[PDB]
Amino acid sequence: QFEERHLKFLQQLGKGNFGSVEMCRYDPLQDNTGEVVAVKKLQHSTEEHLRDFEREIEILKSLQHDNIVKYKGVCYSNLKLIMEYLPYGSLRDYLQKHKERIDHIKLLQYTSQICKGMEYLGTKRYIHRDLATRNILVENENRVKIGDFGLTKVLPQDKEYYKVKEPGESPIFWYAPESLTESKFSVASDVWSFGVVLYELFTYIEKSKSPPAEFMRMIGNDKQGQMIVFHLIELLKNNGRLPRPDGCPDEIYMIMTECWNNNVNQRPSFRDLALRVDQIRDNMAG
């Protein structure tokens, strides 16, 4: 395992209401020859939260895939998860800061990798429940990985869905309708979220174009607080949806819209999604 005493803090990478990822240097020989790693820890340890963190760590440990962040180990005294440090960080920040270097063909390469990373999860009956460009990491120009599994749940053997309602704030603007109204999470709800990820990528993370910004405008910025979800549910029930990002090809937007089907069973699989995207990639290549 990794010793507490040998992990040097360098900087904070992410923060939340119950988590944090810091950039650290694991220098066991204290001779500045150790590698830099990412360490995630609970922002406010609660036994409930610690139990989930334990399961999260097992989830990631059971995953080994080119498009999934690598698990390096744990750190015991306050549990700490030691992962590989992807130098380009989140896809959300990367994309926003370097939009001039990333074209549509690249966005589709990232898109395809995310699909293969999600198909892999589904193969283990794992439901991510939190896909968003802020947890997709960039190893390099050409490689992205799903980098966080803090809300990931395993489907029970007898059901094709999982019900859960965790205390606090949820990323509602990425949630499928049945997840908002019924707290139901499945591969299909992951596909709904995937379509929001696709949207994100093609907006190049323009601040006014984010899902929250776009939905709040549709709902009405003069909105309340507990009633926000209620209105969001109505808006999606009447087929209201995120607009086609600027410069986004009609064939890409249709993939997004198909992922955003109210009919849970009518949404495409991650395999077919990879298929259509790779097809489009080729059609743009030659």
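We number the residues from 1 along the sequence you see. We call the rigid core the largest set of C-alpha positions that still match within 1.5 Å between the two forms.
Of the two segments 144-152 and 127-135, the one whose CA positions lie farther from the displayed form in 7 other deposited structures of this protein, once all are superposed on the rigid core, is 144-152. Greater average departure of CA atoms from the shown form, over structures and residues in 7 other deposited structures of this protein after a core fit, characterises 49-57 among 49-57 and 254-262.
Of the other entries compared for this protein that flank it with modelled residues, a third or more give no atoms for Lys165.
In at least a third of the other PDB entries of this protein that model the residues around it, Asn17 has no coordinates.
Counting the unmodelled positions of the deposited sequence between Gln157 and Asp158 gives zero. For the segment pair 8-16 and 261-269, the entry gives 8-16 the higher mean B-factor, averaged over Cα atoms. Here 130-138 and 172-180 are compared by their mean Cα B-factor, and 172-180 comes out higher.
You'll see in the entry that, of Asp93, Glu166, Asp148, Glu84, the Cα B factor peaks at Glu166. Going by the entry's values, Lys99 shows the largest Cα B-factor out of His104, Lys153, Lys124, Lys99. Among all modelled residues in its chain, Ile59 ranks in the middle third by Cα B-factor.
Among all modelled residues in this chain, the alpha-carbon of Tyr161 has a temperature factor (C-alpha) in the highest third. The deposited CA B-factor of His231 belongs to the highest third of values across its chain. Among all modelled residues in this chain, the alpha-carbon of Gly220 has a temperature factor (C-alpha) in the highest third. In the deposited entry, the Cα temperature factor of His49 places it in the highest third of its chain's modelled residues.
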